[PDB]
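Colleague: Next up is a structure, given as structure tokens.
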Amino acid sequence: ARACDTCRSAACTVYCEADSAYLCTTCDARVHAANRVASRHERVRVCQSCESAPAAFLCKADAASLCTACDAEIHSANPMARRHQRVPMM
Ligand SMILES: [Zn+2]
Ligand SMILES: [Zn+2]
Ligand SMILES: [Zn+2]
Ligand SMILES: [Zn+2]
């Protein structure tokens, strides 16, 4: 798994575009509790397939938030995966 950019001792779980940062859950809380300005940052779950990119699609059938590339790889695999309905997370 991609490491947290601040603590570099835990797997990242969220991605913050404004900070351009992959963060584990505790570092995410510490960074955005710092003040009201930071607390407005919108964050997204890190892809649960590759765990190295921000997720862009939620697939409830797979119970997985996936980045664009993992979403395409997983759902082109075969005709059952191809019918999965995903929710754009934007
Ligand atoms: Zn961390
Ligand atoms: Zn942020
Ligand atoms: Zn991915
Ligand atoms: Zn799926």
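Following Swiss-Prot, chain A shows residues 13-102, kept in their order.
Heads up, the Cβ atoms here are built off N, Cα and C, so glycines get one too.
Summarising the annotation, Swiss-Prot assigns Zn(2+) 1 binding site to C16, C19, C39, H44 and lists sequence analysis as the type of evidence. Residues annotated as zinc finger in Swiss-Prot, with sequence analysis given as evidence: 16-58. According to Swiss-Prot, the feature Zn(2+) 2 binding site maps to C59, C62, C82, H87, an assignment based on sequence analysis.
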Colleague: Find the one among the binding-site residues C59, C62, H87 whose C-alpha lies closest to that of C39 (Zn(2+) 1 binding site).
Modeller: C59
Colleague: Hey, for the Zn(2+) 2 site built from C59, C62, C82, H87, who else sits with CB inside 8 A of the CB center?
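Modeller: After dropping the recorded site residues, what remains is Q60, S61, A65, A67, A76, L78, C79, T80, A81, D83, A84, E85, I86.
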Colleague: For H87 (Zn(2+) 2 binding site), which of the three DSSP-derived states applies: helix, strand, or coil?
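Modeller: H87 (Zn(2+) 2 binding site) sits in a helix per DSSP.
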Colleague: Rank aside, I only need the closest one: which of the binding-site residues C16, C19, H44 has its C-alpha nearest to that of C62 (Zn(2+) 2 binding site)?
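Modeller: So, spelling it out, the nearest of the binding-site residues is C16.
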Colleague: Report, in whole Å, the straight Cα-to-Cα distance of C16 (Zn(2+) 1 binding site) from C59 (Zn(2+) 2 binding site).
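Modeller: It is 14 Å, counting Cα to Cα.
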Colleague: Using DSSP, what is the helix/strand/coil residue split across the zinc finger (16-58)?
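Modeller: Here the numbers are 12 helix, 11 strand, 20 coil.
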Colleague: Can you tell me which of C16, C19, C39, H44, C59, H87, our binding-site residues, come within under 6 Å of ligand 1 at the Cβ?
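Modeller: Among the binding-site residues listed, those whose Cβ sits under 6 Å from ligand 1 are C16, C19, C39.
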Colleague: Select, from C59, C62, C82, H87, each of the binding-site residues with a Cβ positioned under 6 A from at least one atom of ligand 3; if none does, say none.
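Modeller: The qualifying binding-site residues are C59, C62, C82.
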Colleague: Rank the binding-site residues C16, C39, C59, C62, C82 by how many other Cβ atoms lie within 10 Å of each Cβ and give me the one with the fewest.
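Modeller: Least crowded of the binding-site residues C16, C39, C59, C62, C82, by Cβ count within 10 Å, is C62.
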Colleague: Cβ within 8 Å of the Zn(2+) 1 site's Cβ centroid: which residues qualify beyond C16, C19, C39, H44?
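Modeller: Going along the sequence, the neighbours appear as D17, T18, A22, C24, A33, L35, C36, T37, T38, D40, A41, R42, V43.
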Colleague: Let's check the environment of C19 (Zn(2+) 1 binding site): how many other CB atoms sit within 10 Å of its CB?
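Modeller: Around the Cβ of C19 (Zn(2+) 1 binding site), 13 other Cβ atoms lie within 10 Å.
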Colleague: What number of additional C-beta atoms lies within 10 angstroms of the C-beta atom of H44 (Zn(2+) 1 binding site)?
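Modeller: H44 (Zn(2+) 1 binding site): 19 neighbouring Cβ atoms within 10 Å.
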